[PDB]
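*Asks:* Below: the sequence, then the experimentally determined structure.
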Amino acid sequence: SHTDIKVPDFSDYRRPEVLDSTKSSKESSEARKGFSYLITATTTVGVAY
Amino acid sequence: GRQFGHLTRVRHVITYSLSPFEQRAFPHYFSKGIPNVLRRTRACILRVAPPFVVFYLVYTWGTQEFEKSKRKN
Amino acid sequence: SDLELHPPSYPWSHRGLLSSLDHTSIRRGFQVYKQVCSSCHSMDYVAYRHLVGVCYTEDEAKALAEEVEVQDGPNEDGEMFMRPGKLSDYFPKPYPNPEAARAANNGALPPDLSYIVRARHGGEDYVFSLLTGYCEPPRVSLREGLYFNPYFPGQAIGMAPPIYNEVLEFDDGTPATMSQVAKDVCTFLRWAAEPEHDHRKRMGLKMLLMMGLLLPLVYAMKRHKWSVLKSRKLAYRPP
Amino acid sequence: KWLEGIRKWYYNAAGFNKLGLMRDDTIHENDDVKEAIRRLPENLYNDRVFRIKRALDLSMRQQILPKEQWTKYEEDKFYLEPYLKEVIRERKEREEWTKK
Amino acid sequence: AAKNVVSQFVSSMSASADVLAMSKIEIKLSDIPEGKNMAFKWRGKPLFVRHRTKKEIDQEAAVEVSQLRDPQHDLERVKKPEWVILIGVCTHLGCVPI
Amino acid sequence: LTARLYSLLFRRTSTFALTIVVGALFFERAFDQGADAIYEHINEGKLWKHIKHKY
Amino acid sequence: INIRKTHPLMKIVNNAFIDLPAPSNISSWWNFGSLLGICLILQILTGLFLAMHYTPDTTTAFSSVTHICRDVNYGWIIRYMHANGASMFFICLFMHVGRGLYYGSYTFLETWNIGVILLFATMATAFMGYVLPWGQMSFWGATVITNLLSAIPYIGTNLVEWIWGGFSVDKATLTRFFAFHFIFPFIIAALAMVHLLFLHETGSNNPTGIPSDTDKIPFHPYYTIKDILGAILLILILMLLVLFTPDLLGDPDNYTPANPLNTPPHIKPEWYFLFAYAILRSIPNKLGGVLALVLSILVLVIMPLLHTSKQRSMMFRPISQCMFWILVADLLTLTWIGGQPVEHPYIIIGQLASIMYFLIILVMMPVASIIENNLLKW
Amino acid sequence: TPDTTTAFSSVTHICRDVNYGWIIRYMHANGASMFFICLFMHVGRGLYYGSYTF
Amino acid sequence: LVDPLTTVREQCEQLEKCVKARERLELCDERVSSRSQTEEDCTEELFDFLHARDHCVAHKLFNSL
Ligand code: HEC
Ligand code: HEM
Ligand code: HEM
Ligand code: FES
């Protein structure tokens, strides 16, 4: 029953860098985190100014 | 109304959630957003607008009748 | 009658959503107001320090203030002498009292030109058409004490048409038609109504560049942190 | 009779067969309806909270179900009405006992 | 003690003494031409004195009185039939009529 | 391009505060330059600076 | 264990802003709570600066306001923030009320009644503030509404010579309205806290009307950034309104000084009070007019006592949905008719719009509700 | 009325012409003095009986 | 002096609406000359002519000025 539980496939939703199962996550984390933190940083700069 | 924990009672329900750094910001924002907004528009204008076209007719007709009352003189 | 007439839409130079006033036109309009319109009306809340950096320099401001001597307090004797007035004066009121204003006209209190742009329905186009469209009645004679001008509620003004083709002939070439003097006095009345049209449009431009910057990006952060609930999925297991 | 045609068109256009809800998933809850919800078998109650959680999910995304999973009027398994009738009858009996 | 403190505060919000210093005047009617109204300030409200036409008197004597929600003849409203002296404010909600 | 940016200015918090301050100052400078540039580019002519240059 | 869950202030902040269970469904219409809060503190701050530069007397009030808008640095933008923030405050207030009436959130009783008391308080506060600039429209608005208070027999005339500060609109009237406009938003803030307290007692709503006890998500950090987004949208609308067309909503007829002799032809409120003035002058009776106005907002009090349906929202009831949109168009019609002169087609359709307003609320909602209760076999 | 020409005249108008405005003015001033009397009694209690362990 | 405004006003009334308004004012002149000693005294015709004429003036003036 708990072995019958298979997580569904979110391939419509993932970022294009992490589409395949082969490519790892530790080798491409910093670009994704830096993009989202860049958005938050530009928001913070606009609010502070 | 209180804090978490003692609200409801749920049996077996499984929720999956992906990481936000894992997935894209806007998933297909111009291939599903346009059919969704056209669908939600088509399912509401027939209940919202037929009072407002009556308001538009009242505005135009009242303007025309005030000009009727004043443009003979 | 009570058939009001809406004044037309005139293509001004301050009509657009970012355009500014013409400061040379404000200066010409102020020369008009000094030599024509200041004999009857009053513009109480326009001091000479408003004219220092906007249109003139500072030197001709002192010149224009020392042309007209106004008033001062006691000279330790209680006699209220005449001061030339350096820069801090408001403009000289022609009539002291409202009763004094009625006591030289056919009743008819002259309205105060600080706010006539912002105070009447229709902007400075109303003042343009009121200064312009002096014409004749078809059949209605009223009392021959007042004059006819159709852009007016009541349709009979008590103001003589104060322009009539080169009464000023001011500094540069620019010959005084009806059009030049009316355009300059409408521009000047818009300036005296809103003293900070230019800085308002400046902050409006900076703000449109703000809401070009922030509005994709705060919405991007909202979409990012709400991108967990927009993709969570459910399943129902019974025993 | 055509009033059943009105009822079928109304159940189509009412908007609560769109989100996968049945008839008694949308009931407003005063004290009586809270009692009638507490008086339920376990399987119907779990199916009820599951349909309610799917409805809140689908209205959060403002996406409405495909054609093959709308609840249909022919199989309207309305179930909460007998317990709710029993609650109303016992409540009115208690009210009448207080009145006399 | 409580009702006397409340009475003193309500009487503090009632009026002043110098506002109660308003009394009579005399008004001249010689300046007004035919058929026109002149206003005078009195107790913070305008004060109408209007010269009228005898034809306006005749028309106003021709119009009926029982349709009016306050029945009053024109000669009940004025001593000399054309020089009418009014407190120039509408008695509904405080406006000056045109 | 992005990896160096995350490795420098977004791991620690104090460096993030330092770069939002420095970015706000640089944005202040360049933004006021662009704002006065555009505003005295769409109102060329009828503005007090050129009329001052007449004098 | 933690700083937040033991400290006496941070338990309040925790049950308000961090771990408040909010439903995972509320649309953009549930942003106007925070938008009214941000507008209220923005009104308090910008009005406090205006009150630092203001001299409340009938000789020098208009002169002092002109001194603000010319001589004090940035007094013109702070004054325009205050006025158009009042306008956007009532936009978000009527959208807040429209949400709470449409989605069946008037099944809450005590939150709804404290809401209506807040509506009374904000309307009285904004009227006293509109009296404060001491223009021609402010003078005659004060005069006519004080005589509207004098309309009631046996109570009225003494009460109105009592709040006149004399026998007309004298110095004392301007100073009284300065003081009450300058105190009442703090009472509005306290009753807003009481409003929010009864809400956090009961629990919020959702667009379905189904109780959402299964799917509460915490307030922080989902709805906090959602309300930041709503606040940025509100500030850009407010600031474009004050920097491009500041006169698009305000009255032209304010800017003349207060002459008590003229009585201009086109007397009108500022645009948010048009329908209150449209119910008044479309009934040819004094007590009937003022009583019909008070009965309009008391009809908003009445509204929880006519929830005879068995769903909660109006999402699932299309007949009552169409009748609610008729009600919205009728209120906008009342606003337009109030913002006009008074002649024969305007007289007729003003009377008809007021009649149809009362007929929609007091009759058509339960008739639509009983056709709903009949039609789904209940 | 806060205006430096007529502020003192406005306070004199309160004290002389308005009904009981003199009782309200003196009540405000002497209530401020009694307010600070009660405040220093309060701080003296709070220091003397050792309530400053809170 | 060569006025531009009177030039624009004399050259803009060629349009058909202004022509029809001109004949409206002239027929009202014929009317009150015909039904002489009356209390209906040519309002709408003159206001409509000024309406149309000053709107065509508004369309095409400030280029010249
Ligand atoms: C003395 C003869 C005047 C001179 C010179 C100018 N104006 Fe005048 N103006 C005068 C009077 C007596 C009145 C009042 C008439 C009335 O019935 O109000 C006016 C009126 C105005 C108005 C307001 C009219 C309205 O729309 O209600 C304006 C805008 C105005 N005047 C402007 C104006 C200007 C710009 C002048 C200089 C060119 C000027 N007036 C000269 C008397 C006199
Ligand atoms: C003084 C102005 C008001 C303020 C500042 C205010 C503030 C708020 C806030 C902050 C909330 C919680 C957030 C939300 O649910 O949107 C709220 C909820 C609510 N208010 Fe008000 N409110 C005001 C006036 C009113 C009025 C006039 C009513 C109508 C009587 C009203 C009825 C409600 C209702 C029904 C809710 C609950 C809505 C829900 O849970 O979905 N409020 N208000
Ligand atoms: C306690 C907080 C407040 C203070 C200190 C305050 C202060 C002032 C001041 C000094 C004025 C006069 C300046 C002017 O008229 O432009 C004013 C006017 C006004 N206020 Fe307030 N106010 C407050 C709250 C509010 C609120 C809550 C509203 C309603 C949303 C409001 C609406 C108005 C309006 C409409 C005017 C008239 C603006 C105008 O016509 O120029 N005020 N206020
Ligand atoms: S009609 Fe209402 S005040 Fe005159």
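*Replies:* Received the coordinates, thanks. Numbering: from 1, shown residues only, chains lettered A, B, ... in the order given. Ligands and ions are numbered 1, 2, ... in the order given.
*Asks:* ok, residue G:38 - how many residues close by?
*Replies:* Per other CB atoms under 10 Å in any protein chain shown, the neighbour tally for residue G:38 reads 19. Just so you know, the C-beta spots here come from the backbone N, C-alpha and C atoms, and that holds for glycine as well.
*Asks:* now the helices for the stretch 51-200 of chain G?
*Replies:* Ranges of helices in the stretch 51-200 of chain G, per DSSP state H, counting those that start in this stretch, are G:61-70, G:75-102, G:110-131, G:136-149, G:156-163, G:171-202.
*Asks:* Could I get these in TSV, plus columns for distance to ligand 4?
*Replies:* Shown next, in TSV, are the helices of the stretch 51-200 of chain G (distance: least, CB to the nearest ligand atom, whole Å):
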stretch	distance to ligand 4
helix G:61-70	24
helix G:75-102	25
helix G:110-131	17
helix G:136-149	6
helix G:156-163	14
helix G:171-202	18
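*Asks:* any idea how far residue F:3 is from whatever residue of chain A ends up closest to chain F?
*Replies:* The minimum distance from chain A to chain F, using CB to the nearest CB, falls at residue A:34 (3.2 Å). The gap separating residue A:34 from residue F:3 is 7 Å, by CB to CB, to the nearest Å.
*Asks:* and these two? which has more neighbours close in?
*Replies:* Higher neighbour count among residue A:34 and residue F:3: residue A:34, with 21 against 13, using other CB under 10 Å.
*Asks:* quick revisit: skipping its backbone neighbours, what lies nearest the residue of chain A closest to chain F in space?
*Replies:* In space, and not counting its chain neighbours, residue A:34 is closest to residue F:6: 3.2 Å by CB to CB, 6 or more residues apart in numbering or on different chains.
*Asks:* Now do the contacts for the residue most central in space within chain E.
*Replies:* By CA atoms, centre = their mean, the mean C-alpha position of chain E lies nearest to residue E:87, the distance being 1.3 Å. Residue E:87 makes contact with E:45, E:46, E:47, E:48, according to CB atoms under 8 Å, 6 or more residues apart in numbering or on different chains.
*Asks:* what ranges do the helices span in chain F?
*Replies:* Taking DSSP state H, the helices of chain F run over residues F:3-9, F:14-39, F:48-53.
*Asks:* In a markdown table: the ones you listed, plus distance to residue G:359.
*Replies:* Listed next are the helices of chain F as a markdown table, based on distance: least, CB to CB, whole Å:
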| stretch | distance to residue G:359 |
| --- | --- |
| helix F:3-9 | 64 |
| helix F:14-39 | 55 |
| helix F:48-53 | 61 |
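*Asks:* so which of these comes closest to ligand 2?
*Replies:* Of all the helices of chain F, helix F:14-39 sits nearest to ligand 2, with 30.2 Å by CB to the nearest ligand atom.
*Asks:* and that closest one with chain A, contact?
*Replies:* Yes: applying CB under 8 Å from any CB of the partner chain, one finds helix F:14-39 touching chain A at F:16, F:19, F:20, F:21, F:23, F:24, F:27, F:28, F:31.
*Asks:* thinking the first one is in contact with residue F:6, fair?
*Replies:* Which is residue F:16. No: Residue F:16 is beyond contact range of residue F:6, at 10.6 Å (criterion: CB atoms under 8 Å).
*Asks:* show me what contacts residue A:34?
*Replies:* F:2, F:3, F:5, F:6, F:10.
*Asks:* Make a ChimeraX selection of whichever of those turn out to be buried.
*Replies:* For the buried members of the contacts of residue A:34, the matching ChimeraX selection, counting by 16 or more other CB atoms under 10 Å in any protein chain shown, is:
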select /F:5,6,10
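*Asks:* quick check, nearest of the contacts of residue A:34 to residue E:29?
*Replies:* Nearest to residue E:29 out of the contacts of residue A:34 is residue F:10 (CB to CB; 87.7 Å).
*Asks:* how close does the nearest residue to that closest one once chain neighbours are set aside get to chain I?
*Replies:* If the residues on either side of it in the chain are set aside, residue F:10 comes closest to residue A:37, at 4.6 Å by CB to CB, 6+ apart. Remark: distance between residue A:37 and chain I (CB to the nearest CB, to the nearest Å) = 53 Å.
*Asks:* So for the strand or helix carrying residue B:37, what gets flagged as buried?
*Replies:* Assessed by DSSP states H and E, residue B:37 sits inside helix B:33-42. Buried residues in helix B:33-42, counted by 16+ other CB under 10 Å: none are found.
*Asks:* Indicate whether that helix makes contact with chain C.
*Replies:* No: applying CB under 8 Å from any CB, one finds helix B:33-42 separated from chain C by no less than 11.8 Å.
*Asks:* Next, count neighbours for residue C:132.
*Replies:* Applying other CB under 10 Å, we find 20 residues neighbouring residue C:132.
*Asks:* Spit out the contact partners of it.
*Replies:* C:178, C:182, I:5.
*Asks:* Out of these, which comes closest to chain D?
*Replies:* residue C:182 (57.1 Å).
*Asks:* ok, that closest one - how many residues close by?
*Replies:* Burial of residue C:182 is recorded as 22 neighbouring residues (other CB under 10 Å).
*Asks:* rewinding a little: of the helices of the stretch 51-200 of chain G, which is nearest residue H:32?
*Replies:* Closest to residue H:32 of the helices of the stretch 51-200 of chain G is helix G:171-202 (CB to CB; 18.9 Å).
*Asks:* Doesn't residue G:22 belong to a strand?
*Replies:* Yes: Residue G:22: assigned to a strand according to DSSP: H, G, I helix; E, B strand; the rest coil.
*Asks:* Roughly how far does it sit from residue G:310?
*Replies:* 26 Å.
*Asks:* Mind telling me which residue of chain D is nearest chain A?
*Replies:* Closest point on chain D to chain A, by CB to the nearest CB, is residue D:61, at 12.3 Å.
*Asks:* Now chain F against ligand 3: closest residue?
*Replies:* Going by CB to the nearest ligand atom, ligand 3 is nearest to residue F:39 of chain F, at 27.4 Å.
*Asks:* So what's the residue count around that residue?
*Replies:* Residue F:39 is flanked by 19 other residues according to other CB under 10 Å.
*Asks:* before we move on, what about residue D:57?
*Replies:* Neighbourhood size, residue D:57 [other CB under 10 Å]: 19.
*Asks:* And residue I:65, by the same measure?
*Replies:* Burial of residue I:65 is recorded as 12 neighbouring residues (other CB under 10 Å).
*Asks:* quick one, what contacts the closest residue to it other than its chain neighbours?
*Replies:* Residue nearest to residue I:65 in three dimensions, not counting chain neighbours: residue C:179, with 5.0 Å by CB to CB, 6+ apart. Residues counted as contacts of residue C:179 (CB under 8 Å, 6+ apart) are I:3, I:4, I:5, I:65.
*Asks:* sec struct for residue G:282, please.
*Replies:* Secondary structure of residue G:282, per three-state DSSP, is coil.
*Asks:* Correct me if wrong: it contacts residue G:347.
*Replies:* Yes: using CB under 8 Å, residue G:282 is in contact with residue G:347, at 7.1 Å.
*Asks:* Give me the more crowded residue out of these two.
*Replies:* Per other CB under 10 Å, whichever of residue G:282 and residue G:347 has more neighbours is residue G:282, with 23 against 14.
*Asks:* Tell me which residues touch that one, please.
*Replies:* For residue G:282, the contacting residues are G:337, G:347, G:350, G:351, G:353, G:354, by CB under 8 Å, 6+ apart.
*Asks:* So what's the residue count around residue G:348?
*Replies:* Neighbours around residue G:348, by other CB under 10 Å: 13.
*Asks:* how near is it to residue G:354?
*Replies:* Here the criterion is CB to CB. By it, residue G:348 lies 11 Å from residue G:354.
*Asks:* my guess is residue G:43 meets residue G:83, correct?
*Replies:* No: assessed by CB under 8 Å, residue G:43 is found out of contact with residue G:83, at 10.0 Å.
*Asks:* Got the phi and psi for residue C:157?
*Replies:* phi -90, psi 160 (degrees, to the nearest 10).
*Asks:* Name the nearest residue to it, sequence neighbours excluded.
*Replies:* That would be residue C:149: by CB to CB, 6+ apart, it lies 4.7 Å from residue C:157.
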